[PDB]
Amino acid sequence: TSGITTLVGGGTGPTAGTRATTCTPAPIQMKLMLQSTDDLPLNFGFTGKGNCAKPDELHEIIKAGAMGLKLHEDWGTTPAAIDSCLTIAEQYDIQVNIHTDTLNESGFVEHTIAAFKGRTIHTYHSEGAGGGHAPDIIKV
Amino acid sequence: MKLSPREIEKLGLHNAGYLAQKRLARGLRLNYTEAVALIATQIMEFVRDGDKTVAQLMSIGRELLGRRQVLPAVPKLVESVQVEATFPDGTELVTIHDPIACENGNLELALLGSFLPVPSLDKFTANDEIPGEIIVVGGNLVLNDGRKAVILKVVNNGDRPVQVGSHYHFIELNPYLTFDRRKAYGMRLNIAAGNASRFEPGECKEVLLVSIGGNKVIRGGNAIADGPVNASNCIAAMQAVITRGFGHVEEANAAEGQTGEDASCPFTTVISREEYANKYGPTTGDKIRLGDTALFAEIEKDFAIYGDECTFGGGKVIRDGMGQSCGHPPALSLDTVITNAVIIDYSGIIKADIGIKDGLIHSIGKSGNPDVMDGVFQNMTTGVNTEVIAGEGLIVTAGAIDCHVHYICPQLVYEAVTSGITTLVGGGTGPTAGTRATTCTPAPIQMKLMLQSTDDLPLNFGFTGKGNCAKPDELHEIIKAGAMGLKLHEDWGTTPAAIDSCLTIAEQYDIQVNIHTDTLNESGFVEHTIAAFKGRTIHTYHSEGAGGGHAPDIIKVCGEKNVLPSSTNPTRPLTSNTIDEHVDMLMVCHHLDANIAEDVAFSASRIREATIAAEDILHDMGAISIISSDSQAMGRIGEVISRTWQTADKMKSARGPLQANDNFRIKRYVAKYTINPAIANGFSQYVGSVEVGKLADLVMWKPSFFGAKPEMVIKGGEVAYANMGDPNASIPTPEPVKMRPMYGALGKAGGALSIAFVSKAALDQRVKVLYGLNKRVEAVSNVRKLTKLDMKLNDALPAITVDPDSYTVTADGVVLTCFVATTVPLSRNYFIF
Amino acid sequence: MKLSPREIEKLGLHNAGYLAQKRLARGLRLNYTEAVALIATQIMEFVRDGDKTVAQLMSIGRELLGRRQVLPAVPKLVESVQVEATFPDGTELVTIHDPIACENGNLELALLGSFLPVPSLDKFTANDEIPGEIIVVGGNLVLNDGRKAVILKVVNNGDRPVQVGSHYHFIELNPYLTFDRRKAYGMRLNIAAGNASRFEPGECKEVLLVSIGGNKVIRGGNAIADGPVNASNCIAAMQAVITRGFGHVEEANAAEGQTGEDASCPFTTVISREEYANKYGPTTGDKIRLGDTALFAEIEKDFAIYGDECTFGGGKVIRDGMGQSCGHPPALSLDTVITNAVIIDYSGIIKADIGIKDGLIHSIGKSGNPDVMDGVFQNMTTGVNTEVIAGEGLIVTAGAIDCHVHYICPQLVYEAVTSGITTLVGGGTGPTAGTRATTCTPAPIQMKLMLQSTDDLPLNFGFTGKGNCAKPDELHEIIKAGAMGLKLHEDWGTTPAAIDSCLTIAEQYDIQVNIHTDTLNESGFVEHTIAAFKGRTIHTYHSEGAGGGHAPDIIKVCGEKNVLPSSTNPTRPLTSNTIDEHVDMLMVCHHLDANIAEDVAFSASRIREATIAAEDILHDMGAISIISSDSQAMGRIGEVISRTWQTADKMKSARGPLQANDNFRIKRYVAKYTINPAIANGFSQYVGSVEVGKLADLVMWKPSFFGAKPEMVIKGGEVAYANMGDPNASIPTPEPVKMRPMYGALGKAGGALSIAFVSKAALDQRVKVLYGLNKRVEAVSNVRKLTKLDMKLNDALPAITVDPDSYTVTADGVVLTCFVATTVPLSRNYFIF
Amino acid sequence: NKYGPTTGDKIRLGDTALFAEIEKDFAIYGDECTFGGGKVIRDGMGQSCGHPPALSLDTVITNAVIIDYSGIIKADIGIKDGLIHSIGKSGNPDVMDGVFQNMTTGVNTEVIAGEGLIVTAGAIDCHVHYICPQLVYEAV
Ligand code: NI
Ligand code: NI
Ligand code: NI
Ligand code: NI
Ligand code: NI
């Protein structure tokens with residue numbers, strides 16, 4: 001109604017995980033959200049949970065139908081998770097969206113940038129009010 | 001009679017034996033297929049008689065046909081004959097090994113019960129002096145180089161036999177073998193991949209062990225040594241060896257070292273090179289005779305690391321925690337691996353494992369288990385959930401693509417896939433006058449129906465409309481309906497106006513235009529049709545012209561940069577019966593009269609030795625880029641592949657080499673029915689070559705049978721059609737073995753494994769949805785900017801002239817003349833009729 | 001040639017005649033199938049000649065083959081030979097009744113036109129001294145006991161013949177028969193069910209009438225007596241008899257009484273007992289030879305009330321308002337009734353009608369019409385909307401369930417259903433190396449595809465994944481994908497670690513684990529594999545071991561309480577060719593060399609007379625619970641059933657009786673391929689026995705052919721496959737008769753009639769929906785708490801020892817030794833090859 | 001207040017006079033499953049990394065009070081394939097004691113946060129008149 005015809009993000013409804021992150025985490029939920037939104041006159045993309053230090057389940061969510069993965073601090077956006085997630089993105093040709101570690105728990109922004117390793121990544125709310133390395137995520 | 005299926009089939013097998021028996025009694029030397037039928041037939045009768053045991057017939061079967069009664073290739077082709085029959089004590093399998101075990105056989109006994117008079121020896125021809133032979137480089141290969149090694153004393157203190165495979169983690173052996181478990185840690189037997197050491201009870205053996213590779217992680221067996229190989233897990237393994245009573249005696253003195261690449265090091269194991277080829281197929285430097293032609297393919301590159309070959313079977317390499325990985329992420333296990341394949345493709349002749357995932361070729365290289373083997377990339381893992389197709393000793397090529405198909409009858413289709421074809425492109429609506437003359441599905445309705453009709457069949461399909469129109473109106477319609485290409489045929493009128501109107505339409509819709517030109521030169525000679533192309537890409541069918549087009553010089557087109565030219569197969573190559581056959585075939589297809597001056601003029605103007613001879617050469621020159629069938633409308637569906645190799649074989653023998661092997665010619669030719677048809681029709685990203693990311697449409701060949709009859713047709717990663725023997729038998733190989741549809745051809749599978757190709761416009765409308773198709777539908781593309789230079793290994797562009805009276809063809813100044821071959825390979829050795 | 005289908009088939013029939021002709025000229029005695037082909041073939045040729053009439057060939061056909069030219073069983077098996085051919089006056093049917101009508105036949109004429117030399121009599125063997133024979137108890141049965149009765153004079157005053165069936169309401173007869181209509185009220189003829197009294201015009205007959213039973217409600221005929229039998233409706237019937245002019249003359253004097261169970265009462269009708277068996281099949285006390293074995297099955301219980309048998313046909317019982325009910329609630333009419341069946345099942349050998357409703361077995365008992373017959377319960381009503389399958393004289397058993405299937409080729413499937421198999425369980429993806437070696441469908445993708453592939457086929461299917469894994473990761477995946485069971489095979493590695501990891505997975509998912517053990521004793525001997533089971537249920541394949549497992553003593557497993565053991569069929573039973581065949585088969589499957597010391601050691605360690613002999617006995621002991629095929633990977637799909645009966649036949653002849661008939665052995669054995677496979681794999685509530693509430697997967701047998709070739713296969717209540725003759729003929733029985741798919745195997749029907757079995761996890765995800773299957777999908781269950789004691793009639797648990805050198809097997813102290821049979825039944829009498 | 005009540009605490013049902021006492025708690029104090037920035041359910045910590053992907057829960061309801069005929073208790077609830085897969089102490093067996101194999105919070109697991117909340121079965125109305133479709137929305 002405002003003039004939007006494509007939506008890209010993640011979720012499964014009003015759960016704690018979806019209220020915090022753009023993640024449709026289970027393969028089952030991918031199937032469901034694609035089935036759910038099947039009659040709605042908009043193009044849709046769903047993104048899985050990219051937060052992982054191993055590729056095992058990331059393979060699975062993309063095979064299920066995720067068209068992108070979200071790395072979110074609430075699920076942990078550590079340099080190991082960032083690397084593992086982007087290595088997957090290189091295999092499957094999907095975009096990685098990230099909300100960095102605000103707490104600089106694991107590294108400051110420099111350290112996350114290093115973890116990119118020159119690979120394409122979409123940084124969400126790059127200014128940082130919406131999330132990311134305090135106070136300087138904007139450097140991205 | 002209450003006939004069960006197996007009874008019905010054996011009656012057929014018997015009939016084939018009896019025919020073979022009739023040929024034998026005529027003193028004909030039998031070919032492979034005949035030898036087989038004859039022997040299986042007799043075995044069955046001897047079983048019916050009730051007098052003979054299985055052990056007897058095993059012997060009796062070697063003494064029916066002798067070297068004298070068979071053709072020169074037969075003793076190498078016939079490794080054995082198997083059949084099952086009902087003995088007095090039920091069904092039993094009889095295998096006759098090496099049935100040509102002597103010089104004279106025993107004619108009387110080969111015919112016994114047929115009531116055919118037994119011929120005398122002198123009725124048979126005199127013996128002449130090996131299809132698919134492997135020519136091995138002389139020498140040995142050292143297995144498993146650059147690895148830590150140890151020799152250990154091993155005793156079998158059990159009371160029963162213990163046998164250990166080449167890749168079993170040696171620490172994980174039966175607790176009754178006694179040796180130095182600590183020195184065995186991380187080790188496995190240094191022996192040829194996939195064999196074994198047998199320990200009878202009480203036996204002492206001295207074993208060469210070598211380190212595992214890759215990550216060096218042990219999984220499975222007894223779980224003695226679970227984990228990566230390191231000092232810390234060794235201590236744990238030893239604790240478990242002690243606690244659980246696994247036989248252990250320290251060998252403080254054991255010789256230790258490495259597998260060094262030098263002479264007489266006692267840790268190393270070598271494999272004789274002839275023997276390497278026999279176990280695992282040929283490697284770099286070896287050469288392979290294509291079928292019974294004179295062509296040799298040399299292995300250009302091998303991905304194998306000697307000693308870690310992927311071979312599946314009891315005690316063999318592809319087992320849990322050994323060659324089969326355990327613990328990698330489940331989603332990356334290959335669906336199927338084809339092991340130890342010789343790939344022949346336009347892009348290279350190599351030795352490689354092929355991994356298949358999701359119906360696609362996922363990877364080509366060295367496959368196996370990264371925990372135990374060096375050199376295994378993360379896209380080539382054989383895992384728990386991976387099926388195995390054994391390529392050792394076989395050739396794999398892409399499925400063939402025939403792009404001149406007349407859909408006259410559904411049985412053309414079975415004949416196609418059975419010869420090695422997996423994609424068909426052409427037009428038709430069944431056995432109508434229109435379809436019998438032209439590759440056209442004319443009405444939108446019929447597009448709908450042919451797509452729906454062929455929807456369960458395990459081939460990729462394209463259908464072409466009728467392009468003969470001097471207005472675009474109805475062309476728009478047939479493309480929007482789902483035609484992926486248009487046929488311009490003279491029988492519907494191929495005039496300059498139609499040619500133009502149809503190409504302008506091709507420019508808009510990105511579809512290929514295939515043409516059969518105005519033979520009659522009714523509205524122009526060839527130059528006028530070429531002018532009407534106006535530099536636009538066009539595919540010229542049977543460019544030589546016997547099958548249609550400007551008399552006598554349509555072949556000129558093989559020199560136009562925007563023309564993509566193909567031949568049809570029946571003129572391939574020029575042989576002794578070619579001209580006679582084609583004249584009469586023309587007389588028959590055109591309803592002409594041997595006794596009318598002008599009927600015979602038309603036909604002598606159409607069927608011309610001078611141009612067919614030129615076709616052999618331009619074909620060898622790479623001046624004609626594709627070979628196709630013309631199925632039942634002057635050509636032969638099952639003979640796209642064989643006629644290609646028969647053309648290559650003749651040219652190898654007539655002309656100069658093309659670049660100590662036949663690689664360059666082999667690759668030029670394989671391109672003619674694989675990659676080049678796919679490029680021309682616009683779907684080369686999906687099929688037409690053995691390359692990563694394309695459909696795993698794949699044909700397995702025995703080198704002894706290559707180019708005549710394949711073993712197995714893989715469609716989209718699953719076996720669609722294959723040689724298959726007696727369904728009731730204890731194994732798949734007993735008679736009658738014939739090409740039959742497999743699980744890929746039943747129910748919904750054909751559709752799940754294949755592609756229907758349409759125009760982009762038709763897809764924009766979702767005709768897949770409209771038409772209710774279960775087969776995947778994709779659009780063709782990238783066809784309006786092709787030139788002859790886009791045809792892989794077939795981009796030659798000679799200046800061609802044709803003498804209007806002599807019909808002599810000149811290319812680049814050189815008069816083209818070629819001899820009339822009296823025989824061809826890939827025929828008498830292979831076919832029962 | 002413009003060949004119509006019938007022409008193509010007759011060419012085949014002819015070919016079979018000619019083969020039979022060749023065997024005859026060799027002086028072979030012909031079997032049933034041969035006799036048939038030969039005679040039909042000649043009949044067709046004589047028709048071609050144009051010289052002979054139908055009446056002629058009817059005679060000529062009895063004088064071709066004589067007792068001398070045929071095997072001992074043939075004169076009883078060949079009731080007749082039918083064929084149609086084109087005479088000078090078009091197609092005509094020729095039936096040759098009792099073709100063995102003499103001692104010598106007429107050889108010359110049996111071969112005439114074959115141009116085969118005519119053998120002399122002395123070339124034929126000498127006559128030896130009845131498959132499926134019914135041994136009738138001596139005596140008579142009184143029909144229709146305990147019923148009011150009357151004898152009436154009846155005249156035919158019409159000018160045309162009038163004939164009345166046994167169950168026609170006598171008051172409702174043609175108005176031209178004259179008798180006492182009032183005394184006829186509520187009556188019907190006291191004659192054998194399904195025959196008739198014929199009245200020529202003017203004829204006088206004296207008829208025994210008996211009361212109708214059940215509710216005594218009259219419906220149909222002329223509507224004279226519509227309503228329940230009572231004084232008030234009698235008055236109305238008489239009013240209508242008068243008004244409408246139905247012939248009536250009072251017989252004040254008519255003898256009246258009842259059918260009393262005592263000698264010489266003039267109202268009673270008796271049926272000779274031999275004749276009862278011939279009309280309606282055997283009853284309580286009768287015995288039936290299984291095929292040409294030495295087994296006899298005795299009818300244990302009959303639900304029939306003598307005189308009300310359900311027989312369908314002109315004048316017969318199953319007609320409107322008689323045996324066919326009229327007025328019950330429409331929803332409870334049986335979809336199909338199988339009438340007068342002998343049921344052989346593990347749970348009893350009985351005589352019963354079988355009702356089918358909604359694809360299920362609805363009831364087993366006495367069926368028919370409660371308005372007219374005593375003893376018909378409300379779940380056994382034959383109504384207007386009920387189809388009839390005539391079981392009189394036939395045996396019905398459950399469809400067989402083969403639970404060791406290799407999906408190597410789709411044709412295995414046709415061979416299976418055609419032999420009497422309706423459920424297949426195993427693994428595979430077509431003719432790959434992996435599938436040829438192991439019952440494994442390894443990739444989830446391939447599960448998807450095999451389910452979709454087999455979706456139209458009229459059998460129940462289960463598919464098993466590859467269980468060889470020392471980590472559960474990929475197992476979870478293959479089960480979630482739809483595998484209903486896992487195969488542990490040595491070729492993928494069967495190690496203690498894999499065995500454990502796989503059973504822990506079975507405990508979670510409630511699926512069966514089938515195992516082929518480590519033959520090589522690579523990581524343990526049998527005791528180590530047994531330890532690794534850890535008391536958890538497991539199905540051991542080919543438990544004897546010729547087909548795989550710990551050398552030489554895998555058979556020990558038949559004594560573990562948690563092991564469910566099966567045999568595969570080719571070692572069944574021990575016969576003269578067994579060992580020779582199996583050694584070579586092993587050599588062939590393992591690519592071994594007759595000339596290498598250790599290859600021959602491995603093979604002598606695998607194939608062992610001592611253990612195969614023990615397998616015959618443990619099989620008879622009920623120590624091995626199931627028989628399965630191993631289809632094309634050492635065993636034979638079409639021979640699950642026959643090899644079972646051949647094992648029974650041999651043991652009956654070698655060992656003690658098991659409990660004046662063979663009932664206890666018959667039931668023990670039928671259980672091995674019906675109920676026990678279903679229990680082991682977890683779907684025994686749906687199939688595996690003839691019991692109410694289960695799928696009506698049902699096979700009809702002729703006793704003369706039982707265990708070799710069945711008549712008809714019912715799948716889910718509808719005929720799926722069956723013997724069928726000439727499609728163009730005037731009846732279904734003329735040649736060539738062969739097993740062909742029926743309406744249950746076309747289009748969507750196969751799916752509507754069958755079950756695909758998956759794990760519960762796969763069903764929880766609705767893989768039926770995901771995969772687009774039209775076949776019903778159900779989950780397996782109740783498999784993790786089974787022990788050997790849950791195997792019906794096969795729960796024996798001997799202490800077994802095996803000598804490691806002699807291979808001698810001891811069970812419960814007793815050395816097991818068994819003779820090598822020279823012949824088996826269910827073979828030479830039945831098969832054309 | 002952080003994790004909802006535990007064994008021995010009592011909860012007033014709505015504004016009635018009814019009190020439910022927690023009869024049993026599966027929690028091991030200190031390892032509660034709470035999802036959020038900095039919180040427990042993050043890659044390699046409470047969210048497991050490396051277990052077989054097939055056994056990740058689709059959804060976990062964390063720290064729920066369950067009121068049900070069979071018992072009033074405190075537990076995590078695991079959902080898989082639309083079914084209740086497990087009830088108990090959920091989390092990551094690599095870093096927490098007491099986590100069984102059917103209670104793994106994995107990369108592909110959605111979180112519904114029940115801390116502080118009561119979970120009951122869906123009600124079942126077995127005297128329904130289908131008079132209008134709106135009854136239906138009013139029911140759910
Ligand atoms: Ni954010
Ligand atoms: Ni043409
Ligand atoms: Ni053509
Ligand atoms: Ni086996
Ligand atoms: Ni098997």
# chains A, B, ... in the order shown; residues from 1 in each chain; ligands from 1
$ select_by_dssp --residues "chain D" --states "strand (DSSP E or B)" --output "PyMOL selection string"
chain D and resi 10-12+19-21+25+43+47+59-66+73-80+83-88+91+104+110-113+118-119
$ write_last_selection --atoms "C-alpha atoms" --output "PDB file, in the first residue's frame"
ATOM      1  CA  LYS D  10       3.377 -20.202  42.979  1.00  0.00           C
ATOM      2  CA  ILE D  11       1.479 -18.367  40.284  1.00  0.00           C
ATOM      3  CA  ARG D  12      -1.942 -16.822  40.506  1.00  0.00           C
ATOM      4  CA  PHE D  19      -2.461 -20.770  42.560  1.00  0.00           C
ATOM      5  CA  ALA D  20      -0.280 -23.115  40.561  1.00  0.00           C
ATOM      6  CA  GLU D  21       2.839 -24.308  42.321  1.00  0.00           C
ATOM      7  CA  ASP D  25      11.982 -27.782  37.224  1.00  0.00           C
ATOM      8  CA  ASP D  43      26.892 -19.669  18.260  1.00  0.00           C
ATOM      9  CA  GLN D  47      23.453 -22.622  20.497  1.00  0.00           C
ATOM     10  CA  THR D  59      11.680 -24.304  17.525  1.00  0.00           C
ATOM     11  CA  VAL D  60      12.363 -24.164  21.254  1.00  0.00           C
ATOM     12  CA  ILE D  61      10.075 -22.649  23.763  1.00  0.00           C
ATOM     13  CA  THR D  62      12.464 -21.482  26.524  1.00  0.00           C
ATOM     14  CA  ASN D  63      11.616 -21.439  30.264  1.00  0.00           C
ATOM     15  CA  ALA D  64       8.014 -22.304  30.076  1.00  0.00           C
ATOM     16  CA  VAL D  65       5.660 -22.968  32.930  1.00  0.00           C
ATOM     17  CA  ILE D  66       3.533 -25.866  31.615  1.00  0.00           C
ATOM     18  CA  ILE D  73       6.286 -27.915  35.684  1.00  0.00           C
ATOM     19  CA  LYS D  74       9.122 -25.719  34.414  1.00  0.00           C
ATOM     20  CA  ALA D  75      10.841 -26.872  31.236  1.00  0.00           C
ATOM     21  CA  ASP D  76      12.078 -26.022  27.811  1.00  0.00           C
ATOM     22  CA  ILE D  77       9.838 -27.405  25.052  1.00  0.00           C
ATOM     23  CA  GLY D  78      11.353 -28.653  21.769  1.00  0.00           C
ATOM     24  CA  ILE D  79       9.358 -28.653  18.561  1.00  0.00           C
ATOM     25  CA  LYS D  80      10.339 -30.636  15.469  1.00  0.00           C
ATOM     26  CA  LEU D  83       5.314 -32.112  16.834  1.00  0.00           C
ATOM     27  CA  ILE D  84       6.357 -31.716  20.459  1.00  0.00           C
ATOM     28  CA  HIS D  85       9.790 -33.440  20.286  1.00  0.00           C
ATOM     29  CA  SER D  86      10.954 -33.106  23.864  1.00  0.00           C
ATOM     30  CA  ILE D  87      10.304 -31.468  27.232  1.00  0.00           C
ATOM     31  CA  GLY D  88      13.238 -30.808  29.565  1.00  0.00           C
ATOM     32  CA  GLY D  91      20.741 -26.117  25.039  1.00  0.00           C
ATOM     33  CA  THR D 104      19.647 -29.413  21.038  1.00  0.00           C
ATOM     34  CA  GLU D 110      13.809 -20.706  16.126  1.00  0.00           C
ATOM     35  CA  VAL D 111      13.224 -19.323  19.653  1.00  0.00           C
ATOM     36  CA  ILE D 112       9.947 -18.613  21.312  1.00  0.00           C
ATOM     37  CA  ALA D 113      10.776 -17.073  24.740  1.00  0.00           C
ATOM     38  CA  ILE D 118       2.509 -20.105  30.998  1.00  0.00           C
ATOM     39  CA  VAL D 119       2.143 -22.701  28.141  1.00  0.00           C
TER      40      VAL D 119
END
$ residues_around --residues "residue 49 of chain A" --least-positions-apart "4" --cutoff "6 Å" --atoms "only C-alpha atoms" --output "ChimeraX atom specification"
/A:23,25,69-70
$ write_last_selection --atoms "C-alpha atoms" --output "PDB file, in the first residue's frame"
ATOM      1  CA  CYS A  23      16.068 -15.085  10.377  1.00  0.00           C
ATOM      2  CA  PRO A  25      15.939 -20.556  10.981  1.00  0.00           C
ATOM      3  CA  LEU A  69      21.831 -15.531   5.276  1.00  0.00           C
ATOM      4  CA  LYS A  70      21.652 -13.070   8.128  1.00  0.00           C
TER       5      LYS A  70
END
$ select_by_dssp --residues "chain A" --states "helix (DSSP H, G or I)" --output "VMD selection string"
chain A and resid 16 to 20 27 to 36 56 to 64 73 to 75 79 to 92 109 to 116 137 to 139
$ interface_residues --of "chain B" --to "chain D" --cutoff "9 Å" --atoms "only C-alpha atoms" --output "VMD selection string"
chain B and resid 327 329 to 330
$ write_last_selection --atoms "N, CA and C atoms" --output "PDB file, in the first residue's frame"
ATOM      1  N   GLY B 327      31.540 -37.969   8.845  1.00  0.00           N
ATOM      2  CA  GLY B 327      31.702 -36.776   9.691  1.00  0.00           C
ATOM      3  C   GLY B 327      31.781 -35.392   9.042  1.00  0.00           C
ATOM      4  N   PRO B 329      29.993 -32.486   6.555  1.00  0.00           N
ATOM      5  CA  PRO B 329      28.579 -32.033   6.615  1.00  0.00           C
ATOM      6  C   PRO B 329      27.762 -32.815   5.609  1.00  0.00           C
ATOM      7  N   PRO B 330      26.652 -33.448   6.074  1.00  0.00           N
ATOM      8  CA  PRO B 330      25.826 -34.374   5.280  1.00  0.00           C
ATOM      9  C   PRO B 330      25.376 -33.805   3.912  1.00  0.00           C
TER      10      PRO B 330
END
$ residues_near_ligand --ligand "ligand 4" --cutoff "9 Å" --atoms "only C-alpha atoms and all ligand atoms" --output "list in words"
residues 404, 437, 438, 439, 489, 490, 515, 516, 517, 541, 542, 545, 546, 547, 548, 549, 568, 630, 633 and 634 of chain C
$ write_last_selection --atoms "N, CA, C and O atoms" --output "compact mmCIF listing (two decimals), in the first residue's frame"
# COMPACT_ATOMS: atom_id res chain seq x y z
N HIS C 404 14.15 -58.99 0.75
CA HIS C 404 15.54 -58.83 0.32
C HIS C 404 15.63 -58.47 -1.19
O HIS C 404 16.19 -59.24 -2.01
N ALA C 437 25.32 -54.74 -5.58
CA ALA C 437 26.04 -55.38 -4.49
C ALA C 437 25.25 -55.38 -3.20
O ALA C 437 25.37 -56.34 -2.42
N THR C 438 24.43 -54.33 -2.99
CA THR C 438 23.79 -54.03 -1.72
C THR C 438 22.34 -53.52 -1.93
O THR C 438 22.07 -52.81 -2.91
N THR C 439 21.42 -53.86 -1.00
CA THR C 439 20.07 -53.30 -0.98
C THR C 439 20.06 -51.90 -0.41
O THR C 439 19.45 -51.68 0.60
N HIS C 489 25.88 -53.34 5.00
CA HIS C 489 26.52 -54.28 4.09
C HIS C 489 28.03 -54.25 4.20
O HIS C 489 28.60 -53.18 4.31
N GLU C 490 28.70 -55.39 4.10
CA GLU C 490 30.14 -55.39 4.25
C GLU C 490 30.86 -54.56 3.17
O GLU C 490 31.93 -53.97 3.47
N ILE C 515 21.10 -56.78 7.99
CA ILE C 515 22.55 -56.87 7.91
C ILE C 515 23.13 -58.02 7.07
O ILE C 515 22.60 -59.12 7.08
N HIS C 516 24.20 -57.71 6.34
CA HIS C 516 25.04 -58.67 5.66
C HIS C 516 26.41 -58.44 6.33
O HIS C 516 27.01 -57.36 6.19
N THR C 517 26.88 -59.44 7.09
CA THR C 517 28.06 -59.24 7.95
C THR C 517 29.43 -59.30 7.25
O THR C 517 29.55 -59.64 6.06
N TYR C 541 20.20 -60.93 7.05
CA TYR C 541 20.01 -61.46 5.70
C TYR C 541 20.82 -62.74 5.45
O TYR C 541 21.87 -62.95 6.04
N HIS C 542 20.32 -63.56 4.52
CA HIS C 542 20.86 -64.86 4.17
C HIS C 542 21.73 -65.41 5.27
O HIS C 542 22.95 -65.55 5.11
N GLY C 545 24.74 -67.85 5.00
CA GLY C 545 26.01 -67.17 4.75
C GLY C 545 26.59 -67.29 3.36
O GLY C 545 27.48 -66.51 3.04
N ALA C 546 26.12 -68.25 2.54
CA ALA C 546 26.58 -68.34 1.14
C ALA C 546 26.47 -66.98 0.45
O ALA C 546 27.37 -66.57 -0.26
N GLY C 547 25.39 -66.25 0.74
CA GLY C 547 25.17 -64.94 0.16
C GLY C 547 25.83 -63.79 0.93
O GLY C 547 25.67 -62.62 0.53
N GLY C 548 26.56 -64.12 2.01
CA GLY C 548 27.37 -63.14 2.77
C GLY C 548 27.42 -63.25 4.29
O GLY C 548 26.41 -63.56 4.97
N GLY C 549 28.58 -63.00 4.87
CA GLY C 549 28.73 -62.96 6.32
C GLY C 549 29.83 -63.85 6.87
O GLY C 549 30.29 -64.80 6.20
N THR C 568 18.08 -66.29 1.90
CA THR C 568 17.81 -66.00 0.49
C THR C 568 17.55 -67.35 -0.24
O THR C 568 17.83 -68.42 0.29
N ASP C 630 16.85 -61.99 -2.79
CA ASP C 630 18.16 -61.44 -3.16
C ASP C 630 18.20 -61.15 -4.66
O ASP C 630 19.19 -61.38 -5.31
N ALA C 633 21.15 -60.49 -7.23
CA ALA C 633 22.37 -60.26 -6.51
C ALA C 633 22.61 -61.47 -5.66
O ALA C 633 22.91 -61.37 -4.48
N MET C 634 22.49 -62.62 -6.32
CA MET C 634 22.63 -63.97 -5.78
C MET C 634 21.29 -64.70 -5.66
O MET C 634 21.29 -65.90 -5.50
$ residues_near_ligand --ligand "ligand 1" --cutoff "6 Å" --atoms "only C-alpha atoms and all ligand atoms" --output "ChimeraX atom specification"
/A:99,130-131
$ write_last_selection --atoms "N, CA and C atoms" --output "compact mmCIF listing (two decimals), in the first residue's frame"
# COMPACT_ATOMS: atom_id res chain seq x y z
N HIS A 99 24.56 -7.70 11.01
CA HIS A 99 24.33 -6.76 12.10
C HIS A 99 25.47 -7.16 13.04
N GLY A 130 20.71 1.02 14.83
CA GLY A 130 19.95 -0.22 14.71
C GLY A 130 20.78 -1.44 15.10
N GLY A 131 22.08 -1.21 15.35
CA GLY A 131 23.00 -2.29 15.75
C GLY A 131 24.37 -2.27 15.10
